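**Student:** I need the structure of the sequence given here:
(5 chains)
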Amino acid sequence: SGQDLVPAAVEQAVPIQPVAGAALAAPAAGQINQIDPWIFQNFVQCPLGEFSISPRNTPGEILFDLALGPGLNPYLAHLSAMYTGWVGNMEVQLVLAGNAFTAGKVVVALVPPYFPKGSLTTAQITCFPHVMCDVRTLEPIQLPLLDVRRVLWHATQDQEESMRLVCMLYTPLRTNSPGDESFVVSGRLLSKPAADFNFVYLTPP
Amino acid sequence: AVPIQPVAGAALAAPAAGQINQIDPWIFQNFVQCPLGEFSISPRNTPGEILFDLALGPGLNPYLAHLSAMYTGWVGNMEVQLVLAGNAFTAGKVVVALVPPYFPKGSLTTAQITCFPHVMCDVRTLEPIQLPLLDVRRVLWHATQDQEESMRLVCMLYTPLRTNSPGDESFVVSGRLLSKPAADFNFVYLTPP
Amino acid sequence: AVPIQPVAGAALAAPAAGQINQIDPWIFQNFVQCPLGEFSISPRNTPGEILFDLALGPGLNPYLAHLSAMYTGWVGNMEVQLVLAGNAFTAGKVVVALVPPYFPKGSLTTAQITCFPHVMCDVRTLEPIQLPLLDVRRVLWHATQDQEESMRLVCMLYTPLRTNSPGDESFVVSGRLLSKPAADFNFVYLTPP
Amino acid sequence: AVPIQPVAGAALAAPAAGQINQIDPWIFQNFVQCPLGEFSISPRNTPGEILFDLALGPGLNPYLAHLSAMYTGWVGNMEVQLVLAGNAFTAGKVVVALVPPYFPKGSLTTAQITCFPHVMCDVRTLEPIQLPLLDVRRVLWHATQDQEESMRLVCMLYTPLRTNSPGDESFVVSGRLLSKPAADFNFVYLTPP
Amino acid sequence: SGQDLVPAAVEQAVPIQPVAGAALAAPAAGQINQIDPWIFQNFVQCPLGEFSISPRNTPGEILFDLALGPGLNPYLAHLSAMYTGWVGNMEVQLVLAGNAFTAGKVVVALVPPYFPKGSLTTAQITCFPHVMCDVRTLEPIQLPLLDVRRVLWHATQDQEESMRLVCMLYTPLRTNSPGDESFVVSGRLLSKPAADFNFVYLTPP
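**Tutor:** Residues are numbered from 1 along each chain as shown, chains lettered A, B, ... in the order given. Let me share the structure:
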């Protein structure tokens, strides 16, 4: 177990203040709905939480872009068939455990609602609350994805403007290996609801 | 004394916004002129003329409109004042109303403009008339890159102008509208322009 | 520990400016990327390559460049950090120098770049390298609508890269430069854009 | 820290069993190798390979399997540890899951193996990984001469191996699984073999 | 940032006792001359402070040999045009930051005045106050170069016998890399005046 990596993926400060979850949507919903408490314990992989970084990728290549919601959890995506509504923050891990020979850096940003989708150049991704992380960090980089909004809750009809989470490839991936091989790093993505996630109204699945 | 409650500014958006950004404190110290916030009454105008009508937002200010390019949202009240240039021998009255952020559009007669929370100011008043522009809304905060319906300020000719004129000109009375952000104007989220 | 005294920010402009305007406090909390503040070293580069050179001002920031459209002047220090992407088997050193706001232009050899107040950082260092960008000047404050000479940050290849590469690519080491305003960055005078 | 409650061992069988028989105390002091508890990863393996899958019982131990010939039943947890032989330059991750004693059979993708109470261990970890094998059940005690469904330990390739190899061999990483009875393993009833 | 190098380049004891600098030359000079105090702060590169070690070098190859004086500083070499005289010690750094695969050792000696110049075999370089340092040491090895003399000061006419600083290649440079490449280490040399450096008499440049 060599420690020539960068395990310096400790909790960094992201310039964002805490956000209310289910406390505001309680007096406008119609009933008391809580979800299973063992769901909040373990990090599980997103339904779209696998990607890879090849050395044939140029800086600016969006590794993943995903909106906050129940589509980031296999347990929440199954429960979101019975409800019409959700509020709360979620917590995401980032498993970039590349080989001891690679080199490179990705930057995970926190894009607000109502930002125009699409290009999102690499010069304008550091303008958001971001986390700049290497591709060798052993421990899974935890980071919060918050529910910034201007309504009381979101319907489970994906057309709502929700906060995104963009992962640009800030610098190109290179390998320093003595011969013939350039390792491809396979990144995974785990998530779990924060303490204030909750669904709103019971409807037939 | 207009019959309206105070409306919460950043106290309602704060639990949901991710940032709440302050404005330069030297901006609240100046009155700037609103676009399309100018008019003039000639003694040919019959009572009922809508002299102006303009909506609440960051587009009422040269500085706020420029700053709204970095931020995602905004909440807050504004503070408008009205100047009129008329001497001591004029006679005529103007009603300024605060139209809620719905009640879409139509012909408003004088019998109807006095049914809003309003201020009925004469035309020979010396000091600029101050009044608030309140942020009534149904959402937590507004979005800067989306013009949605907000409270409007409306001006009506209530009592027609009665003055003299030598032979020229018709002696119009000019009116201008200035504004500045109230104490609890805030933006929301730093984004790239 | 670079050998330079602290330089006064708004404490020198204040008696002469008419306003001293503050910036959003959420702006000092983020590092944004400077234009042209990126480079890469290939093992083909011989020591002496100027990797970048960029001047102090409000044009080092997407937000500051946008805000400088309302204001007349600016004073203050900046705070830059340097990120490098290299593993534990690389070898090579880079010197970052602080060039005074004169000393115009020419070829700078390595024997000369170490004669400035500088930081000599290796290439396998993990944490981003922090350093200040000081506002040395001869006037009380600078003007936003006039680019005059300010202190520059210069990057030089001091010791050449010594690494491996399988057959492709040449394993360049990438470098990026981020910045944010220091504690005493200020604008001066509210003007219309 | 796996998200499971502790499960009662002999405290649940005791009111109904006729005897509760202890095991040699020198048996809990040793880790013995489970049959079929061995595997190897080659860089040709794509993520999703079930490296092993084995059930809880007295058949995980050379001594327990021999002692179960005298006794009628058994209850208790086990204690397994996992050894992996890989150096400091490897890269790849393995998830070990605790499958409940139903949920019969099928193809388990990686998106599904992380939904169990699990441990996600890297491949360059030095010390043997310890974890429990809990006795979840619906009956008071199990019968030694009847193989019924118990909790299973499952191993999956989560992130594929990324290493080097000179020309031979393919540098597989070997993995072995050892086990020993926990504190509350018990048999039930002395019968003739 | 791997730490399989030898950062063991901490301050070693060299068998030499402290030496007077400008305190003896003060009552025989003619005036009060002090040099700028910011010069004493930063280490800058010598006018002859670059060399390289190739694996095609045999033990005994003199990497550099330089005498103590104002020729070890770009700031002092410029000031030494106005003065006729100098006394004091100086401090030298040694930037040998080779790759994690090399191997070898150099030995920096402190040769006194009046030693016959030239050959200086490798068997007779450990006979002096020496520092034996590896070629992987990260932190720049600091070491003093003192003003041992038998006069009160030295003229800035280089014919004076001053104390030298020899760098032999004690062991040959090798590389342990898996294939085809032998890295060449590029050594640098920085220096700065000690607390007792001073010039003597003002003359036209």
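**Student:** which parts of chain A sit against chain B?
**Tutor:** A:15-17, A:19-20, A:23-24, A:110, A:112-115, A:124, A:127-129, A:146-152 (C-beta under 8 Å from any C-beta of the partner chain). Just so you know, the C-beta spots here come from the backbone N, C-alpha and C atoms, and that holds for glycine as well.
**Student:** switch the cut-off to 6 Å
**Tutor:** Within chain A, the positions near chain B by C-beta under 6 Å from any C-beta of the partner chain are A:16, A:20, A:112, A:114, A:124, A:127, A:148, A:149, A:150.
**Student:** Tell me how many other residues surround the fourth one.
**Tutor:** Other residues within reach of residue A:114 by the criterion other C-beta atoms under 10 Å in any protein chain shown amount to 16.
**Student:** rewinding a little: spatially, which two of the residues of chain A next to chain B are the most separated?
**Tutor:** Across the residues of chain A next to chain B, the longest distance by C-beta to C-beta is 28.4 Å; it joins A:20 and A:124.
**Student:** From residue C:33, how far off is the nearest residue to residue A:94 once chain neighbours are set aside?
**Tutor:** With C-beta to C-beta, 6 or more residues apart in numbering or on different chains as the criterion, residue A:94 has its nearest non-adjacent residue at 4.3 Å, and that residue is residue A:141. Separation of residue A:141 from residue C:33 (C-beta to C-beta, to the nearest Å): 20 Å.
**Student:** Could you do residue A:157 as well?
**Tutor:** 36 Å.
**Student:** Quick check: which element contains whatever residue of chain A ends up closest to chain D?
**Tutor:** Closest approach between chain A and chain D, counting by C-beta to the nearest C-beta: residue A:2, at 3.2 Å. Under DSSP states H and E, no helix or strand contains residue A:2.
**Student:** Give me the neighbour count for it.
**Tutor:** Neighbour count of residue A:2, defined by other C-beta under 10 Å: 13.
**Student:** One more: residue A:153?
**Tutor:** Residue A:153: 23 surrounding residues under other C-beta under 10 Å.
**Student:** Phi, psi for it please.
**Tutor:** phi -160, psi 170 (degrees, to the nearest 10).
**Student:** looking at it, it is touching residue A:25, isn't it?
**Tutor:** Yes: with contacts counted by C-beta atoms under 6 Å, residue A:153 reaches residue A:25, the gap being 4.4 Å.
**Student:** what sits in contact with each of those two?
**Tutor:** residue A:87 (C-beta atoms under 6 Å, 6 or more residues apart in numbering or on different chains).
**Student:** Secondary structure class of the residue lying closest to residue A:39 once chain neighbours are set aside, three-state.
**Tutor:** Spatially, and ignoring its direct neighbours in sequence, residue A:39 is nearest to residue A:75 (5.2 Å; C-beta to C-beta, 6+ apart). The three-state assignment at residue A:75 reads helix, by DSSP: H, G, I helix; E, B strand; the rest coil.
**Student:** what residues are up against the residue nearest the centre of chain A?
**Tutor:** Nearest to the mean C-alpha position of chain A, by C-alpha atoms, centre = their mean, lies residue A:92 at 4.8 Å. Going by C-beta under 6 Å, 6+ apart, residue A:92 touches A:143, A:145, A:191.
**Student:** do you know how far the spatially closest residue to residue A:9 that is not a sequence neighbour is from chain E?
**Tutor:** Excluding the flanking residues, the one nearest residue A:9 by C-beta to C-beta, 6+ apart is residue A:137, at 3.9 Å. Using C-beta to the nearest C-beta, to the nearest Å, residue A:137 is found at 13 Å from chain E.
**Student:** does any bit of stretch A:144-158 sit next to chain C?
**Tutor:** No: using C-beta under 6 Å from any C-beta, stretch A:144-158 never reaches chain C; the gap is at least 13.9 Å.
**Student:** what's the span of that stretch, first residue to last?
**Tutor:** 21 Å (C-alpha to C-alpha, to the nearest Å).
**Student:** Report the secondary structure state of residue A:123.
**Tutor:** Applying three-state DSSP: residue A:123 is helix.
**Student:** Run through the bridge partners of residue A:131.
**Tutor:** residue A:108 (DSSP bridges).
**Student:** was I right about it contacting residue A:108?
**Tutor:** Yes: assessed by C-beta under 6 Å, residue A:131 is found in contact with residue A:108 at 4.8 Å.
**Student:** These two: who's more crowded?
**Tutor:** More crowded of residue A:131 and residue A:108, by other C-beta under 10 Å: residue A:108, with 24 against 18.
**Student:** Residues of chain A that sit close to chain D?
**Tutor:** Residues of chain A lying close to chain D (C-beta under 6 Å from any C-beta) are A:1, A:2, A:38, A:41, A:42, A:44, A:45, A:74, A:99, A:100, A:183, A:186.
**Student:** OK, contacts around the first one?
**Tutor:** Same thing as residue A:1. Applying C-beta under 6 Å, 6+ apart, the residues near residue A:1 are D:124, D:125, D:126.
**Student:** again, only using 7 Å
**Tutor:** The neighbours of residue A:1, taking C-beta atoms under 7 Å, 6 or more residues apart in numbering or on different chains as the test, are D:88, D:124, D:125, D:126.
**Student:** got the residues of chain A near chain E?
**Tutor:** For chain A, the residues in contact with chain E (C-beta under 7 Å from any C-beta of the partner chain) are A:4, A:178, A:179.
**Student:** just to revisit the earlier point, quick one: which of the contacts of residue A:92 has the most company?
**Tutor:** residue A:191 (24 neighbours).
**Student:** Am I right that that residue is in a strand?
**Tutor:** Yes: counting by three-state DSSP, residue A:191 is part of a strand.
**Student:** Touching, it and residue A:73? I think so.
**Tutor:** Yes: using C-beta atoms under 7 Å as the test, residue A:191 is close enough to residue A:73 to be in contact (5.7 Å).
**Student:** that older thread, please produce a ChimeraX select command covering the buried subset of the residues of chain A next to chain D.
**Tutor:** The buried subset of those, as determined by 16 or more other C-beta atoms under 10 Å in any protein chain shown, is captured in ChimeraX by this line:
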select /A:42,44,45,74,99,100,183,186
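**Student:** Mind putting the residues of chain A next to chain D into CSV with secondary structure?
**Tutor:** Below are these laid out as CSV (three-state DSSP):
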residue, secondary structure
A:1, coil
A:2, coil
A:38, coil
A:41, coil
A:42, coil
A:44, strand
A:45, strand
A:74, helix
A:99, coil
A:100, coil
A:183, coil
A:186, strand
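**Student:** quick check, nearest of the residues of chain A next to chain D to chain C?
**Tutor:** For those, the nearest to chain C is residue A:100 (6.8 Å; C-beta to the nearest C-beta).
**Student:** Now do the contacts for that closest one.
**Tutor:** Residues in contact with residue A:100 (C-beta under 7 Å, 6+ apart) are A:2, A:4, A:5, C:87, C:88, D:88, D:89.
**Student:** burial measure for residue A:85, as a count.
**Tutor:** A count of neighbours around residue A:85, defined by other C-beta under 10 Å, yields 21.
**Student:** Next: residue A:158.
**Tutor:** Around residue A:158 sit 11 other residues, with neighbours defined as other C-beta under 10 Å.
**Student:** what helix or strand does it sit in?
**Tutor:** Here residue A:158 sits in a region with no helix or strand, counting by DSSP H and E.
**Student:** ok, now which ones touch it?
**Tutor:** The contact partners of residue A:158, by C-beta under 7 Å, 6+ apart, come to none.
**Student:** Give the bridge partners for residue A:192, please.
**Tutor:** Beta-bridge partners for residue A:192, by DSSP bridges, are residue A:91.
**Student:** Same check on residue A:199?
**Tutor:** Counting by DSSP bridges, residue A:199 forms beta bridges with residue A:86.
**Student:** Report the contact partners of the residue nearest to residue A:54 when sequence neighbours are not counted.
**Tutor:** Nearest non-adjacent residue to residue A:54, counting by C-beta to C-beta, 6+ apart: residue A:184, 5.1 Å away. Contacts for residue A:184 (C-beta under 7 Å, 6+ apart) come out as A:52, A:53, A:54.
**Student:** Can you say which of those residues are buried?
**Tutor:** The neighbour-count criterion (16+ other C-beta under 10 Å) marks residue A:53 among the contacts of residue A:184 as buried.
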